[PDB]
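Trainee: next input, structure requested:
(chains A, B, C, D, E and F, ligands or ions: 17)
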Amino acid sequence: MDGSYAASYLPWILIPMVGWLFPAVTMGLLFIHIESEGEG
Amino acid sequence: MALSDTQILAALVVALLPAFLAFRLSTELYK
Amino acid sequence: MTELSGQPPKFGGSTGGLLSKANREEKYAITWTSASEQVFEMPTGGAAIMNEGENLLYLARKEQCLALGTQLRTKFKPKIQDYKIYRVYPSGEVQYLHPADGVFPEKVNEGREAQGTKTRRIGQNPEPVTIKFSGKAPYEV
Amino acid sequence: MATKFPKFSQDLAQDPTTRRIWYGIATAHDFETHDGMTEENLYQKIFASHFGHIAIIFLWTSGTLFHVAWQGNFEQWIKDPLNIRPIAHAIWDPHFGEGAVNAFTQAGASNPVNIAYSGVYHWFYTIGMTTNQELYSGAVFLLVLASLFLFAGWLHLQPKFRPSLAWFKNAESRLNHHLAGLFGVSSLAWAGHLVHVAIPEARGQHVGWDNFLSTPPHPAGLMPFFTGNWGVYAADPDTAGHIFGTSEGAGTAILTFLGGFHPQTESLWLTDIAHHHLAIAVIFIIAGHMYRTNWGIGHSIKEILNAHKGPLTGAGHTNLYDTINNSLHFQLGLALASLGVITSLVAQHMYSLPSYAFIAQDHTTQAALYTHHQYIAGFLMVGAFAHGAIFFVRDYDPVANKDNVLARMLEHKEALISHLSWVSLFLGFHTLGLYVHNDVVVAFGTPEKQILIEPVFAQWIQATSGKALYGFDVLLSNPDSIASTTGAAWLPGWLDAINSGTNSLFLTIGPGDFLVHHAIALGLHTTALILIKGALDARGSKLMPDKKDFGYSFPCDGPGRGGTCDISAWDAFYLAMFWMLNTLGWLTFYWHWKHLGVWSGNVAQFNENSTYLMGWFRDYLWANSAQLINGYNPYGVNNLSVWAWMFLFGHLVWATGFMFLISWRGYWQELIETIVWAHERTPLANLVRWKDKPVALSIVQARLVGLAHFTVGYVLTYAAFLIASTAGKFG
Amino acid sequence: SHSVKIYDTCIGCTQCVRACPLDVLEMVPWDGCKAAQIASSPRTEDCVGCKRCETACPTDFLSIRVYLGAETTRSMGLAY
Amino acid sequence: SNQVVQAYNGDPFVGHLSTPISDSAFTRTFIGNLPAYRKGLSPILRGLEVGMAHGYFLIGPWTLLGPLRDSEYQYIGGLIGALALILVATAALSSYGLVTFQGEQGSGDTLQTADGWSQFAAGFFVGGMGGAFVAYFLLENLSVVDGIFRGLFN
Ligand code: CLA
Ligand code: CLA
Ligand code: CLA
Ligand code: CLA
Ligand code: CLA
Ligand code: CLA
Ligand SMILES: CCCCCCCCCCCCCCCC(=O)OC[C@H](CO[C@@H]1O[C@H](CS(=O)(=O)O)[C@@H](O)[C@H](O)[C@H]1O)OC(=O)CCCCCCCCCCCCCCC
Ligand SMILES: CCCCCCCCCCCCCCCC(=O)OC[C@H](COP(=O)(O)OC[C@@H](O)CO)OC(=O)CCCCCCCCCCCCCCC
Ligand SMILES: CC1=C(/C=C/C(C)=C\C=C\C(C)=C/C=C/C=C(C)/C=C/C=C(C)/C=C/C2=C(C)C(=O)CCC2(C)C)C(C)(C)CCC1
Ligand SMILES: CC1=C(/C=C/C(C)=C/C=C/C(C)=C/C=C/C=C(C)/C=C/C=C(C)/C=C/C2=C(C)CCCC2(C)C)C(C)(C)CCC1
Ligand SMILES: CC1=C(/C=C/C(C)=C\C=C\C(C)=C\C=C\C=C(C)\C=C\C=C(C)\C=C\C2=C(C)CCCC2(C)C)C(C)(C)CCC1
Ligand code: SF4
Ligand code: SF4
Ligand SMILES: [Ca+2]
Ligand SMILES: [Ca+2]
Ligand SMILES: [Ca+2]
Ligand SMILES: [Mg+2]
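Mentor: Numbers count the residues shown, from 1 in each chain, chains lettered A, B, ... in the order given. Ligands and ions are numbered 1, 2, ... in the order given. Have a look at this structure:
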């Protein structure tokens, strides 16, 4: 995997952030939110 | 000519504005 | 509701009985008297033996208790109709459930108040558009 | 277990099982059934959601532009658009090995890349764009536009800026503005852009923001438009030997009506396109002056509806103004039906009459566009009928529409459904009979004994537009006819484009086209039958006379009264989705096989083997998979590897949907009870307990999820096949 | 919890209550029919919605109607 | 009620104001769920998470700007600087807890005790050492991470 396009370092970290970090973080927030036993 | 390194970086910064506006719109629609 | 009495049925155990819900949430009890020590089918699987005299059994749901009750009153040569079903909470509170007023619900008994009765036909429910943006449904109005 | 989510339904939030989550997802956009929902709050939340959705569209377009301008080959593909493959974006996948890296380093790129089949290069080039700078500027501008609409949606949720229900129900004003402004002024603006950028840029004239104020699109300025004579704007149209993007054979005209196809680009003439947009802009502007608003003149739609009674139609269209204007489901059904019609129209016209330069030569993009739009239109049609049913369930007032056209449709629903059933049976029996007869008669070595019906009606219609192949000589095909002796500036070009067997303009047809058209008729009639019968029985049948009391969607009504599975109108939608997919399958199979024969110069294969179903099975499906299924091999990998993998993926998703469709709920709930038992009694795992009680999926949920898998697999399987086959033969 | 309604076409044949496996319904005195009785649903919190009662009803379209509602541990028929 | 600034917790005579930055829903939710304030957490977990984050980000300054940045030992030097600063921070945390919780112990929250603060210090120490070391290990092995992210080993 390489890139002749400009700023080809962007996919290098963006792919793990869009594939690992963003999914894990958002699923964690949603898990906490849909399990919150506040009032209703 | 090809696209510039700076034009790619300036794109994400500009996209920060619709991100914030989408956050506000979503949280308002949650009400 | 004072304190449930009666021997547990003679039974070797099974995997189909009470789970965590029984202690965390609620369980159910059924008592009944038998003129003889005799075999019956557990709603949770397999055969058990009821004692001569009083019997007390714990189950996970109200439906299992009522299924055992139908089995008692419809599948034994002299019927068993004295069974009582209670709801039991972890606090120890016991709530008598069935038969609600000491009389089986299939036959009329004085003193019962009609619940869920409608003074109309099913076809005489109102049009849903007439009740929209309210909380009700045509059968709730 | 108090549980907030979902905050709009206490019934769901009090559910102690995993159902609570699933239904929370499935009912969020059904604002009408949220706790405490009013009509005004409904319209306002829908308004803000509209703003957000438009912003999402603009952001998606921004991404397309930005990735073509960043990782694509737009400027290269301009140099030679018939031999270079346009690029969608770059690939970045750590799972790749050497074989796949080499296989996807294609189209002249140095890194892995995907070839774009959205036809977006041809569109941006015909528009007048020629650099990655212009695409990047458009993408950033759409970023700003999306920001504007996001802010507008947010603003109209604030107390002062929340529009009232009367404002939302002002139908006359909204119609005036959408016909005059949204349709007319926009079409006028696009005519202006075409005349100012597209038409000049096609002739070597760079016209951008930095010179368009000084370079007139015509040597004679606006005064010819202001004084009198407009023929000067027809001037010298581009000659037949015009070379796109250059001054060779270029003219000065801006508005023409020569019809036909530009000989090099094989597409519609840009000047004709701009002239069309100007004319329809004038017409839509005039249309936007029909309904009254604030000045007395204009029409009241309620008056026009109440004035169209009838001796044999009872109350006519009386009170339909409030019937429609009070039901978001009625209006949405109208919208989806009309939108599906015009999406199918887009599909049937863009393949026959392309408007983008060099797109008629890009067979994979043309196939993909046609299939895409026809699938979208099928979804739209199904949704329109679903929402007609939902209207009858939720909004229909029988006393206000008493004896009008709506109620009258409801009153003979038995006749409508029965005659739809009859024509369905008719078409099915006889089309399957002809196909199977042809199969058996060809199988036994006597292909001459087939029933090959010549499609004389559509052939005669083609002849009415100049098609002289069949020899009917009617109307336009007849030079002695008054329709041809008019002196219309479009007749020569239209005849030259229709009497040449080099385009897709009114393709030649034979018995195979006849048979597949009757298959399409069967599919349309059957899907309409399912949908219409669901809608009309949505309020009640003899099996459920009180069905309107139960809502649009519900599991069933139990094993009583004979059994009542799939009894709701939602269930009718669900059943009709399968027939929609089937009809689209037949339609797209037809289009692709015929266009494969056409593109390859071998129309005879389809003409001779489409009359029997083994022909489709072997010459179309079986043959055109050979390269597809070889995208990866025991011997290596090529650029079709992704499409082979997706082909198998679509198969797997389809088959998985079959599980939710065939096995029903109780079997699963009991199995999950055994699994629950196992968890509670396994040490160490004991330490962990679920927050929501695991239960099997619900009855309706099973139908929905099985259908969702089925449809995903359907679309991905066929897209993989279409794309891979057409790019392996012609790509 | 599910909703159970009893309309005035009830003939009081008692098959409602005889079919219920969860004792939701009762026979209570009434005067609309010969049998001088009608079905009642005082314990819908234990209703699971199996629809046995309506399956038992003889009147032309039911006199007892079960409309499934907010799902609970009891209405989902859960033993856990 | 167009005013977005109001009294703090409904008391205009307490030295504070309720503003979008001090007392908004986002600030309440974000600050309240940082490891310092997340409900129910034990002091050692708060300390562990905080230390992880801090030891991780404290690698950078000396890595790129320290004296060994121009040597063959850049990353090792940044690691040493981070570890020593975390050791001094741990001694500071321990001493703070030693002097602030001398007498009777309040019952409010476990963090605000002698035992609780020492447990938070242990968590901070462990997490800070670990985060600094994992940041240094990622930088030292940036080439294998690069090959992993580009699929060079397939
Ligand atoms: C909907 C529009 C869209 C889509 C489908 C894509 C698609 C893709 N982008 Mg791209 N991107 C877009 C817009 C879009 N882009 C815009 C406008 C910009 C300029 C700011 C960028 C800048 C960008 C960069 C720097 C990179 C990508 C990359 C990628 C690829 C991997 C995703 C990623 O890691 O980057 C993440 C994307 C971003 C950080 C930019 C935000 C995207 C827009 C602005 C927001 C879109 C929100 C969307 C409409 C919400 C839909 C929700 C819906 C499901 C309900 C992927 C194929 C990577 C790549 O090059 O692949 C090899 C990469 O490194 N994009
Ligand atoms: C969503 C996108 C995505 C991406 C980008 C990847 C990428 C990758 N996959 Mg994966 N995969 C995915 C989804 C994805 N996958 C899905 C949806 C599935 C199936 C459901 C799979 C199933 C699959 C399997 C079965 C395997 C992979 C493997 C791999 C890795 C091979 C390289 C390697 O061996 O190093 C491994 C790389 C990592 C474990 C990530 C380390 C990244 C950093 C260095 C971690 C440390 C960061 C630091 C401590 C914390 C950050 C702090 C702060 C700054 C945020 C690679 C990085 C293989 C693998 O894991 O190799 C061991 C492997 O066995 N994939
Ligand atoms: C001239 C004044 C004007 C204009 C510019 C608009 C414009 C708009 N209004 Mg609005 N409206 C107005 C006045 C106006 N309004 C007034 C006075 C009222 C009060 C009576 C309303 C009340 C109102 C409501 C309640 C709503 C709107 C909505 C909308 C949007 C419709 C959705 C959309 O984006 O599709 C755009 C459509 C087109 C550009 C043309 C239609 C498509 C054509 C017919 C077919 C395709 C064209 C071509 C062949 C295809 C090109 C393909 C391309 C890829 C090459 C739209 C942008 C809706 C919305 O989304 O809210 C944000 C909505 O909810 N309006
Ligand atoms: C602009 C058009 C439009 C609008 C705004 C609406 C609006 C509405 N519809 Mg409707 N409808 C439409 C079009 C539309 N629909 C179409 C096109 C169809 C045909 C499919 C239908 C058929 C229909 C039915 C049958 C029903 C509605 C319902 C509803 C209401 C509830 C929406 C909801 O919460 O569902 C929730 C939304 C979802 C569950 C989305 C799940 C589907 C996702 C998008 C697909 C997932 C794809 C998957 C990820 C594949 C990934 C690929 C990858 C793996 C490779 C709502 C008012 C429901 C209702 O409330 O009835 C009154 C109802 O039952 N609609
Ligand atoms: C190849 C698969 C297949 C077939 C043949 C059918 C058949 C039919 N469907 Mg069906 N459907 C299918 C798949 C199929 N469906 C699927 C997957 C779904 C989603 C669940 C549906 C859902 C569905 C619905 C909701 C409806 C239909 C309707 C119909 C009828 C349409 C009218 C017609 O074509 O007349 C002619 C009939 C045929 C071509 C089929 C019969 C073919 C045989 C060979 C006829 C000869 C008789 C034979 C000799 C009998 C002797 C047998 C002996 C050897 C034992 C038709 C009978 C509509 C309907 O009922 O119309 C009134 C309707 O409402 N379908
Ligand atoms: C004096 C100021 C200063 C200085 C000079 C530095 C210097 C540096 N910082 Mg730091 N930083 C600072 C202040 C400073 N920082 C502050 C104030 C903060 C906020 C508290 C941060 C927070 C920060 C973070 C979060 C990170 C850095 C990182 C770095 C290094 C990146 C350079 C590099 O390796 O390039 C090349 C780029 C990389 C090596 C990126 C590494 C790949 C990452 C770890 C992949 C993780 C993504 C993935 C989704 C992980 C999830 C996996 C999971 C599923 C298991 C660098 C030496 C990075 C680092 O330490 O690298 C290990 C990094 O992760 N800084
Ligand atoms: C291509 C260019 C197109 C035209 C150019 C448009 C760009 C200019 C946009 C300016 C936006 C400035 C953002 C910062 C200010 C802000 O957020 O104020 C938000 C407040 C809402 O206050 C709200 O007030 C609420 C209470 S009440 O409703 O005020 O009572 C309160 O709850 C809430 O907290 C508070 O925020 O908004 C206002 O009170 C006025 C907003 C001013 C916006 C001017 C727009 C100019 C019109 C041009 C377009 C018209 C087109 C219409 C027809 C199609
Ligand atoms: C091949 C495609 C045709 C097949 C379609 C399905 C088969 C049609 C068979 C249905 C017979 C209908 C019996 C009518 C029952 C009937 O007689 O109603 C009574 C009605 C007399 O009342 P009025 O005409 O005054 O009512 C009109 C309104 O002003 C009052 O509501 O007669 C008609 O409407 C004649 C028009 C029938 C419309 C036929 C439907 C098909 C129309 C096709 C589209 C027309 C062109 C539209 C262009 C915009
Ligand atoms: C003062 C004024 C006048 C002068 C007007 C002048 C001097 C200029 C007028 C310019 C006008 C009036 C409109 C210009 C509009 C340009 C628009 C609207 C661009 C729209 C683009 C859209 C919507 C999205 C496009 C997309 C993008 C971005 C892409 O890159 C790909 C394609 C696509 C996706 C389509 C005159 C004297 C005449 C009359 C009196 C008033
Ligand atoms: C259910 C329902 C509904 C419905 C829905 C839907 C879905 C509908 C539809 C429908 C459709 C889907 C239709 C179609 C159509 C079409 C048409 C109507 C056409 C027209 C035509 C013509 C007449 C043409 C002609 C011509 C030609 C052919 C060529 C040349 C030119 C001319 C013009 C001559 C509603 C909601 C409403 C209400 C409720 C119920
Ligand atoms: C974006 C954003 C933000 C920001 C942020 C920041 C500023 C930062 C952070 C960052 C960071 C700061 C991160 C981190 C990370 C860390 C880690 C991840 C750690 C670790 C560790 C490990 C991994 C381990 C280690 C160890 C141990 C402990 C033991 C032994 C040795 C070893 C090494 C193994 C916010 C949210 C505010 C807002 C919004 C936006
Ligand atoms: S519910 Fe119907 S069937 Fe049952 S007792 Fe009442 S009237 Fe008879
Ligand atoms: S639906 Fe089932 S549980 Fe409910 S009242 Fe009827 S028979 Fe009893
Ligand atoms: Ca230009
Ligand atoms: Ca030095
Ligand atoms: Ca390897
Ligand atoms: Mg076109």
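Trainee: just want the residue of chain C that's nearest ligand 9.
Mentor: Closest contact between chain C and ligand 9, by Cβ to the nearest ligand atom, is at residue C:133 (37.6 Å). C-beta: built from backbone N, CA, C; applies to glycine.
Trainee: next, that residue: secondary structure please.
Mentor: Under DSSP: H, G, I helix; E, B strand; the rest coil, residue C:133 falls in the coil class.
Trainee: pop out the phi and psi values for it.
Mentor: Main-chain torsions, residue C:133, degrees, to the nearest 10: phi 60, psi 10.
Trainee: what's the burial count for it?
Mentor: Under the neighbour criterion other Cβ atoms under 10 Å in any protein chain shown, residue C:133 is assigned a count of 13.
Trainee: for chain F, which residue gets nearest to ligand 3?
Mentor: Residue nearest to ligand 3 within chain F: residue F:2 (25.8 Å; Cβ to the nearest ligand atom).
Trainee: ok, that residue to residue D:159 distance?
Mentor: With distances taken as Cβ to Cβ, to the nearest Å, residue F:2 is found 9 Å from residue D:159.
Trainee: and the residue nearest to the spatial centre of chain F, what element?
Mentor: For chain F, the residue nearest the mean C-alpha position is residue F:50 (3.0 Å; Cα atoms, centre = their mean). Assigned by DSSP states H and E, residue F:50 belongs to helix F:43-57.
Trainee: any idea how far residue D:715 is from whatever residue of chain F ends up closest to ligand 17?
Mentor: At 41.1 Å from ligand 17, residue F:151 is the closest residue in chain F, using Cβ to the ion. Distance, residue F:151 to residue D:715, using Cβ to Cβ: 29 Å.
Trainee: all helices for chain B, in order.
Mentor: For chain B, the helices defined by DSSP state H occupy B:5-29.
Trainee: for ligand 8, what is the nearest residue in it?
Mentor: When scored by Cβ to the nearest ligand atom, chain B has residue B:29 as its residue closest to ligand 8, at 39.5 Å.
Trainee: if I pick the nearest residue to that residue once chain neighbours are set aside, what's in contact with it?
Mentor: Sequence neighbours aside, residue D:48 is the residue nearest to residue B:29 in space, at 5.7 Å (criterion: Cβ to Cβ, 6 or more residues apart in numbering or on different chains). Residues in contact with residue D:48 (Cβ atoms under 8 Å, 6 or more residues apart in numbering or on different chains) are B:25, B:28, B:29, D:153, D:154, D:156, D:157.
Trainee: 7 Å instead, please
Mentor: Neighbouring residues of residue D:48 by Cβ atoms under 7 Å, 6 or more residues apart in numbering or on different chains: B:25, B:29, D:153, D:156, D:157.
Trainee: let me know the distance separating the closest residue to residue D:517 other than its chain neighbours from residue D:507.
Mentor: Of all residues not flanking residue D:517 in the chain, residue D:455 sits nearest, at 7.1 Å (Cβ to Cβ, 6+ apart). Here residue D:455 is placed at a distance of 12 Å from residue D:507 (Cβ to Cβ).
Trainee: which phi and psi values does the residue positioned nearest the centre of chain E adopt?
Mentor: In chain E, the centroid-proximal residue (Cα atoms, centre = their mean) is residue E:25; its distance is 5.0 Å. Phi and psi for residue E:25, reported as degrees, to the nearest 10, are phi -110, psi 160.
Trainee: residue A:24 should be in a helix, yeah?
Mentor: Yes - using three-state DSSP, the secondary structure at residue A:24 is a helix.
Trainee: please report how far it lies from ligand 7.
Mentor: Distance, residue A:24 to ligand 7, using Cβ to the nearest ligand atom, to the nearest Å: 33 Å.
Trainee: could you do residue D:97 as well?
Mentor: For residue D:97 relative to ligand 7 (Cβ to the nearest ligand atom), the value is 48 Å.
Trainee: do the same with residue D:478
Mentor: Taking Cβ to the nearest ligand atom, one finds residue D:478 at 52 Å from ligand 7.
Trainee: starting at the chain centroid, how far to the top helix by length along chain C?
Mentor: For chain C, the longest helix by residue count, based on DSSP H, is helix C:62-74. What separates the centre of helix C:62-74 from the centre of its chain is 7 Å, taken as Cα atoms, centre = their mean, to the nearest Å.
Trainee: and the single nearest residue of chain E relative to ligand 4, its phi and psi?
Mentor: Nearest residue of chain E to ligand 4: residue E:68, at 16.0 Å (Cβ to the nearest ligand atom). Note on residue E:68: backbone dihedrals following degrees, to the nearest 10 are phi -60, psi 140.
Trainee: residue E:3 is in contact with that one, correct?
Mentor: No - using Cβ atoms under 7 Å, residue E:68 is not in contact with residue E:3; the gap is 8.2 Å.
Trainee: ok so, going back, OK, contacts around the residue of chain C closest to ligand 9?
Mentor: Contacts of residue C:133 (Cβ under 7 Å, 6+ apart): D:37, D:38, D:39.
Trainee: mind checking how far the second one is from residue D:426?
Mentor: With distances defined as Cβ to Cβ, the gap from residue D:38 to residue D:426 amounts to 49 Å.
Trainee: quick check: the residue of chain B nearest chain A.
Mentor: Here the residue of chain B nearest chain A is residue B:8; by Cβ to the nearest Cβ that distance is 4.2 Å.
Trainee: could you do chain F as well?
Mentor: Relative to chain A, the nearest point of chain F is residue F:150 (4.1 Å; Cβ to the nearest Cβ).
Trainee: what distance do you get for that residue to chain D?
Mentor: 7 Å (Cβ to the nearest Cβ, to the nearest Å).
Trainee: contact partners for that residue?
Mentor: Each residue near residue F:150 by Cβ under 7 Å, 6+ apart is listed here: A:1, D:94.
Trainee: just give the number of residues close to the residue of chain D found nearest ligand 9.
Mentor: For chain D and ligand 9, the shortest gap (Cβ to the nearest ligand atom) falls at residue D:138, measuring 2.1 Å. A count of nearby residues for residue D:138, using other Cβ under 10 Å, gives 19.
Trainee: still on that earlier bit, ok, and the closest non-adjacent residue to the residue of chain F closest to ligand 17?
Mentor: residue D:94 is the one closest to residue F:151 (Cβ to Cβ, 6+ apart), at 4.2 Å.
Trainee: so the one you found touches residue F:147, yeah?
Mentor: No - contact between residue D:94 and residue F:147 fails when scored by Cβ under 7 Å: they sit 9.3 Å apart.
Trainee: and those two? Which one has more around it.
Mentor: residue D:94 (17 against 14).
Trainee: now for the more buried one: which residues touch it?
Mentor: By Cβ under 7 Å, 6+ apart, residue D:94 lies in contact with A:1, F:148, F:149, F:150, F:151.
Trainee: ligand 7 contacts on chain F?
Mentor: When proximity is defined as Cβ under 6 Å from any ligand atom, chain F approaches ligand 7 at residue F:2.
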